[PDB]
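Read through the structure below, which is laid out as structure tokens, and then see the notes.
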Amino acid sequence: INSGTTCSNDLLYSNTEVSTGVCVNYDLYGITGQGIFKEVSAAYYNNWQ
Amino acid sequence: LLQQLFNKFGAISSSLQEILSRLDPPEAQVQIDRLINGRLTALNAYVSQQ
Amino acid sequence: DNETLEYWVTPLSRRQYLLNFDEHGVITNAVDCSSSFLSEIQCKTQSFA
């Protein structure tokens, strides 16, 4: 629950931009919370992560 | 003292975000009450040791 | 030409390990928490030293 790509389409919204540097709410593909994003480089992700 | 925020104390989760995104208000309260009792017990013991 | 066929098999079960992750996210080290007494000390301290 609250992660994946089997998403219900009852409550519809539009894809916003990842606003870095502000205290934002987020629903990233089911993952929800409040936070502050920061753009970074990252070599640790494979194609399955 | 910080590691006490990740115990369940017999609830379904240690996270208050995971409980309030899965259960209705009458049944989320029963789970929240267990976390509240555990965390108050841990704060009480810390203050006695200080 | 002096070659051999090898297929080593061992059973599996559900159990707790302590795993070690480096700066690339690769599993470098592992310890079965119930195999010996040193492994009990390692899983009780959550430490490989």
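Protein chains in written order, with the entry's author numbering: chain A, 597 to 645; chain B, 1043 to 1092; chain C, 250 to 298.
Built from N, CA and C at the ideal position, the CB exists for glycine as well.
Minimum C-alpha distance to residue i - residue among the options
i: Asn598 of chain A; options: B:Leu1062, B:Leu1047, B:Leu1044; result: B:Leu1062
i: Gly617 of chain A; options: A:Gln630, A:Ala639, A:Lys634; result: A:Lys634
i: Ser1057 of chain B; options: B:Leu1044, B:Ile1074, B:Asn1079, B:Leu1082; result: B:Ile1074
i: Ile627 of chain A; options: B:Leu1043, B:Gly1052, B:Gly1080, B:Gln1059; result: B:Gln1059
i: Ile632 of chain A; options: A:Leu608, A:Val614, A:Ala638, A:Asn642; result: A:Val614
i: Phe1051 of chain B; options: B:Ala1087, B:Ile1078, B:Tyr1088, B:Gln1092; result: B:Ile1078
Rounded Cβ spacing between residue i and residue j (contact assumed at less than 8 Å)
i: residue 1008 of chain B; j: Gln1046 of chain B; result: Absent from the structure is residue 1008 of chain B, since the part of chain B shown begins at 1043 and ends at 1092.
i: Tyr622 of chain A; j: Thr601 of chain A; result: Not quite, the Cβ-Cβ distance comes to about 17 Å (not below 8 Å), so this is no contact.
i: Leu287 of chain C; j: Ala279 of chain C; result: 14 Å between Cβ atoms; not a contact.
Below-8 Å beta-carbon distance, residue i vs any chain B residue
i: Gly626 of chain A; result: no
i: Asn642 of chain A; result: no
i: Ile632 of chain A; result: no
Contact with chain A by residue i, beta-carbon distance below 8 Å
i: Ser1063 of chain B; result: yes
i: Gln1059 of chain B; result: yes
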